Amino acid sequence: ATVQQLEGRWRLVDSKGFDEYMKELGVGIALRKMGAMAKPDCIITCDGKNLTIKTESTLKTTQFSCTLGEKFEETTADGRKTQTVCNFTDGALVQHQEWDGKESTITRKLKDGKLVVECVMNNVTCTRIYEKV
């Protein structure tokens, strides 16, 4: 298991719990409708400890870059300005976001050749699955 195994362009094939996660975040109706109906690609590139994650669809595209282990200001899809850290740990990329005394974790793992993305805030969870393209 290495962070490099997560590289490439990945296409969303299954979502569960995403709308609920967005309601927990407090996302408004315009963006929730967009997120319910987008089928984005995820594009992950990594060079050593440098990581970029771009999420791309007609409806909505976002991108961030970071150094693994380093705290940075991430502007999210829904416009939060979080203190984020990403680490590759026990075979998963773990992204922890902190803002206004709130927290959310997003994990990304390779399973059976598919990218599995899991999100949680206050026990409200989502699982999104991507196949490689």
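Sequential numbering from 1, following the sequence displayed. Superpose the two forms; the largest set of C-alphas matching within 1.5 Å is the rigid core.
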With everything overlaid on the rigid core, name the stretch, 54-62 or 35-43, whose CA atoms wander farther on average in 7 other deposited structures of this protein.
54-62
Fitting on the core, do the C-alphas of 71-79 or of 26-34 deviate more in 7 other deposited structures of this protein?
26-34
Quick one: say whether 65-73 or 37-45 has the higher mean Cα B-factor in the deposited entry.
37-45
Between 28-36 and 102-110, which has the larger average Cα B-factor in the PDB entry?
28-36
According to the deposited entry, which of 95, 52, 83, 89 has the largest Cα B-factor?
89
Modelled-residue ranking by C-alpha temperature factor, third containing residue 13
highest
